[PDB]
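Each remark here refers to the structure printed beneath this line.
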Amino acid sequence: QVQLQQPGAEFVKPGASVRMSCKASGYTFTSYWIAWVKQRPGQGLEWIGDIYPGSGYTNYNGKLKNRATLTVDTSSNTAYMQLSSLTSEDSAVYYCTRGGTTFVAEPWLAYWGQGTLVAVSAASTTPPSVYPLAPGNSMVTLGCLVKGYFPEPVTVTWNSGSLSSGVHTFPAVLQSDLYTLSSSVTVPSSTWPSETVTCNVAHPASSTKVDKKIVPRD
Amino acid sequence: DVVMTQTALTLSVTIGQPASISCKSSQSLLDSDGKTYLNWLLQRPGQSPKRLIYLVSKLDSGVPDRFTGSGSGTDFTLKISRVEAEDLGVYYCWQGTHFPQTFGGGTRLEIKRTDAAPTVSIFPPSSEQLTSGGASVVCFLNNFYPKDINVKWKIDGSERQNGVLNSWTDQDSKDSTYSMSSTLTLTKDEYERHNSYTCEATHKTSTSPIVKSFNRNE
Amino acid sequence: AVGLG
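Written out as structure tokens, the structure is:
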């Protein structure tokens, strides 16, 4: 079946360049346009440019100001996008999508890749610091703040996954080159602190796991 | 370029009831060959955009009959006869009639429910973070509806915006509420020069903000 | 239409 395969993520420093790939399969690669679409975290979709793999003809969005370069490798059925002089405003998800042919425009956007997350940061791989959130009613809200790591993802569970109701794990946000996330859990006051509550944080990129028991504050 | 305006930035829908969204273009989308290249896409949370309708009214393979696209010229509409849970997400219109190709801003479909005030919890910096030279104050705003909310941070009575990191969850699977995390990060230096720290929750469920506070001298 | 010659 028609598929477009994209790497999950690319990490790049400010001022450097990044190169992303889209490996096509299931159809005649050289007959259909390939388009690249950018999406900033909370925003909509934007066309960056497209390339016709038959010839290598390219179209670019003016707003990049000749920083994007699109290419194809017909021998591997792979389309490439390169972006130069990255700043934080290029941090986004970049989607491979398949256009039409030179004769019919109907198939435009009929197939998409899973997208490549591009995070621009000066940081190298950095493990998280995990901070407990204990209260300075029938319900009590506890939390654990996960700061200063790079890159994504970290996963958070409570009591090794046994505590899953009333849990809010908020999406990570990149700021000053490092990610920050938090997670809250609400449990009955009867059960804490008489029964322990521990947040489990895993950061595969740095081969790190942290357990933080939430103990009442003083 | 061709401006595509999506009406209803957010549409609160009810399962089993209809829904209708519109896309208006600043130019006629009728191409010289008689066709109109207007597509509708749905991006479910965490997913790539997926095409539902091409050629203003044509359904893609597998798209249920409940979806109907219509319109002509500059005015187009997507309709769902009875909304199902799998229809929630952000809907984008797209035009390929005029170069460059353009996307609409998007219309989000979310579940309508009764208003609910946020549950607000504030947390001072943990002692572990203070030994590292940082100081983050965390404010959770949990299980409110509708989704629009604003958080104000005050330090000894003065508003602070500088250093605030916000994060929001997707609509809850089970109770249809929204949750928000706000984190004010200072240096330990700055943090120990002030006494009073406050997050203020402004929400449509009340006319007075919800105020959670603590004094460093405690 | 985009992509057509």
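Residue numbers (the entry's author numbering), protein chains in the order written: chain B, 1 to 52, 52A, 53 to 82, 82A to 82C, 83 to 100, 100A to 100E, 101 to 127, 133 to 152, 154 to 163, 165 to 174, 177 to 190, 193 to 194, 196 to 221; chain A, 1 to 27, 27A to 27E, 28 to 213; chain I, 512 to 516.
No residue lacks a Cβ here, since even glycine has one placed at the ideal position from N, Cα and C.
Task: 8 Å Cβ cutoff met for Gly95/B and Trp100D/B - done: For this step, residue 95/B is matched to residue 99 along the first sequence. For this step, residue 100D/B is matched to residue 108 along the first sequence. Cβ atoms of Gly95/B and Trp100D/B: closer than 8 Å.
Open item on the list: Any C-beta of chain B within less than 8 Å: which residues of the stretch 88-115 of chain A qualify?
Closed with: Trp89, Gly91, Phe94, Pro95, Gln96, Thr97, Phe98, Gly99, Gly100, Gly101, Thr114
Task: Other residues of its chain near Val89/B: CB distance less than 6 Å, five sequence neighbours each side excluded - done: Residue mapping note: residue 89/B aligns to position 93 of the first sequence, counting from 1. Cβ neighbours of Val89/B beyond the five flanking positions: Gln39, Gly106, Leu108.
Open item on the list: Looking at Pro14/B: is its Cβ nearer than 8 Å to the Cβ of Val150/B?
Closed with: Taking the first residue of the first sequence as position 1, residue 14/B is located at position 14. Taking the first residue of the first sequence as position 1, residue 150/B is located at position 154. No.
TODO: Just the chain A side, please: which residues come within less than 9 Å of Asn60/B by C-beta, in chain order?
DONE: The count along the first sequence starts at 1 and reaches residue 60/B at position 61. Listed along chain A are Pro95, each with a C-beta nearer than 9 Å to that of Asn60/B.
Open item on the list: Buried or exposed, going by whether 16 or more other CB atoms sit within 10 Å of the CB of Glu105/A?
Closed with: Your numbering for residue 105/A matches position 110 in the second sequence. When all chains shown are included, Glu105/A counts as buried.
Open item on the list: So for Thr14/A, helix, strand or coil by DSSP?
Closed with: Within the second sequence, numbered from 1, the residue matching residue 14/A stands at position 14. Secondary structure of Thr14/A (DSSP, three-state): coil.
Open item on the list: List, from N- to C-terminal side, the beta strand (DSSP E) runs of 3 residues or more that fit wholly inside the stretch 114-149 of chain A.
Closed with: Given a length threshold of 3 residues, each whole run of the beta strand (DSSP E) inside the stretch 114-149 of chain A is given here in chain order: 114-118, 129-139.
- [ ] My understanding is that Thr137/B touches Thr186/B, with C-beta atoms under 8 Å, so please give their C-beta distance in whole angstroms.
- [x] For the purposes of this step, residue 137/B is taken as the residue at position 141 of the first sequence. For the purposes of this step, residue 186/B is taken as the residue at position 186 of the first sequence. Indeed, because the Cβ distance is near 5 Å, the residues count as touching under 8 Å.
Open item on the list: Rounded to the nearest angstrom, what separates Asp184/A and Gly44/B at their Cα positions?
Closed with: Looking up residue 184/A in the second sequence gives position 189. Looking up residue 44/B in the first sequence gives position 44. One C-alpha to the other measures close to 39 Å.
TODO: Can you check DSSP and say which residues form a bridge with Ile75/A?
DONE: What you label residue 75/A is simply residue 80 of the second sequence in a count that begins at 1. According to DSSP, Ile75/A bridges with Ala19/A, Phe62/A.
- [ ] Answer yes if the stretch 118-135 of chain A comes into contact with the stretch 86-105 of chain A, meaning at least three C-beta pairs across the two stretches below 8 Å, and no otherwise.
- [x] no
TODO: Given a cut-off of 8 Å, decide if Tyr87/A and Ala512/I are closer than it, judged by their beta-carbon atoms.
DONE: Sequence index remark: in the third sequence, residue 512/I carries index 1 (1-based). Sequence index remark: in the second sequence, residue 87/A carries index 92 (1-based). Contact flag unset, no.
Task: Under 7 Å from the C-beta of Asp27D/A: neighbouring residues of chain I - done: Indexing the second sequence from 1 puts residue 27D/A at position 31. By Cβ distance, chain I contributes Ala512.
TODO: Give a yes or no on whether the minimum CB-CB distance between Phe209/A and chain D is below 8 Å.
DONE: In summary, chain D is missing from the structure at hand, where the protein chains are B, A and I.
Task: Residue burial classification, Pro188/B (beta-carbon count within 10 angstroms, cutoff 16) - done: Sequence index remark: in the first sequence, residue 188/B carries index 188 (1-based). With fewer than 16 Cβ atoms within 10 Å of its Cβ, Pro188/B is classed as exposed.
Open item on the list: On the criterion of 16 or more Cβ atoms from any shown chain inside 10 Å, does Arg46/A qualify as buried, or is it exposed?
Closed with: Position 51 of the second sequence holds residue 46/A. So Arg46/A counts as buried.
Open item on the list: Threshold first: 3 residues or longer. Then list the beta strand (DSSP E) segments lying entirely within the stretch 2-42 of chain B, N to C.
Closed with: 3-5, 9-12, 18-25, 34-39
- [ ] Report, in whole angstroms, the separation of the C-beta atoms of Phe71/A and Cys134/A, which I expect to be a contact under 8 Å.
- [x] Mapped onto the second sequence, residue 71/A falls at position 76. Mapped onto the second sequence, residue 134/A falls at position 139. Actually they do not touch by this definition, with Cβ atoms about 42 Å apart.
Open item on the list: Count Cβ pairs between the stretch 134-151 of chain A and the stretch 197-213 of chain A that sit closer than 8 Å; are there 3 or more?
Closed with: Enough Cβ pairs lie closer than 8 Å, so yes.
Open item on the list: Pop quiz: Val3/A and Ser20/A are said to be a contact at Cβ under 8 Å. What is the actual Cβ separation, rounded to whole angstroms?
Closed with: Walking along the second sequence from the start, residue 3/A turns up at place 3. Walking along the second sequence from the start, residue 20/A turns up at place 20. Not quite, the Cβ-Cβ distance comes to about 21 Å (not below 8 Å), so this is no contact.
Open item on the list: Any beta carbon of chain B sitting closer than 8 Å to that of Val2/A?
Closed with: Sequence index remark: in the second sequence, residue 2/A carries index 2 (1-based). No, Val2/A does not count as interfacial toward chain B.
Open item on the list: To the nearest angstrom, how far is the alpha carbon of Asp82/A from that of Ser162/A?
Closed with: The residue given as residue 82/A occupies position 87 in the second sequence. The residue given as residue 162/A occupies position 167 in the second sequence. For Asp82/A and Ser162/A, the distance between alpha carbons rounds to 24 Å.
Task: Neighbour flag for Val171/B against chain A, beta carbons, 8 Å - done: Against the first sequence, residue 171/B aligns to sequence position 173. Chain A, which has a Cβ nearer than 8 Å to the Cβ of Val171/B, makes this yes.
Task: Delimiting residues of the alpha helix (DSSP H) encompassing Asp184/A - done: Locating residue 184/A in the second sequence gives position 189, counting from the first residue. If you look at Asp184/A, you'll find it in the alpha helix (DSSP H) that goes 183-186.
Task: Interface residues of chain A facing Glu46/B [CB-CB closer than 8 Å] - done: For the purposes of this step, residue 46/B is identified with residue 46 of the first sequence, where counting begins at 1. Those are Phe98, listed as they occur along chain A.
- [ ] With DSSP as the reference, please indicate the residues paired to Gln38/A in a beta bridge.
- [x] In the second sequence, counting from the first residue as 1, residue 38/A sits at position 43. Bridge partners of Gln38/A: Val85/A.
TODO: Compare the C-beta of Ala114/B against all C-beta atoms of chain A and say whether one is closer than 8 Å.
DONE: Residue mapping note: residue 114/B aligns to position 123 of the first sequence, counting from 1. Answer no: the Cβ-Cβ gap between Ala114/B and chain A never drops below 8 Å.
- [ ] Determine, using beta carbons only, whether residue 131/B and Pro52A/B come nearer to each other than 8 Å.
- [x] No coordinates are present for residue 131/B, because the numbering of chain B runs from 127 directly to 133.
Task: CB of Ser208/A within 8 Å of CB of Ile150/A, strictly - done: Here residue 208/A refers to the residue found at position 213 of the second sequence. Here residue 150/A refers to the residue found at position 155 of the second sequence. Contact check for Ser208/A against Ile150/A fails: the beta carbons are separated by 8 Å or more.
Open item on the list: Quick check: the Cα distance between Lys215/B and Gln3/B, rounded to an integer number of angstroms?
Closed with: Here residue 215/B refers to the residue found at position 212 of the first sequence. Here residue 3/B refers to the residue found at position 3 of the first sequence. Their Cα atoms are separated by approximately 42 Å.
Open item on the list: I'd like to check one pair, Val218/B with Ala125/B: are the Cβ atoms closer than 8 Å?
Closed with: On the first sequence, position 134 is the one that residue 125/B refers to. On the first sequence, position 215 is the one that residue 218/B refers to. Going by C-beta atoms, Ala125/B is nearer than 8 Å to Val218/B.
Task: Under 9 Å from the C-beta of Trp33/B: neighbouring residues of chain I - done: In the first sequence, counting from the first residue as 1, residue 33/B sits at position 33. Residues of chain I passing the Cβ test: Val513, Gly514.
Open item on the list: Rounded to whole angstroms, what is the Cα-Cα separation between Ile48/B and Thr68/B?
Closed with: Taking the first sequence and counting its residues from 1, one reaches residue 48/B at position 48. Taking the first sequence and counting its residues from 1, one reaches residue 68/B at position 69. Their backbone Cα atoms lie some 10 Å apart in a straight line.
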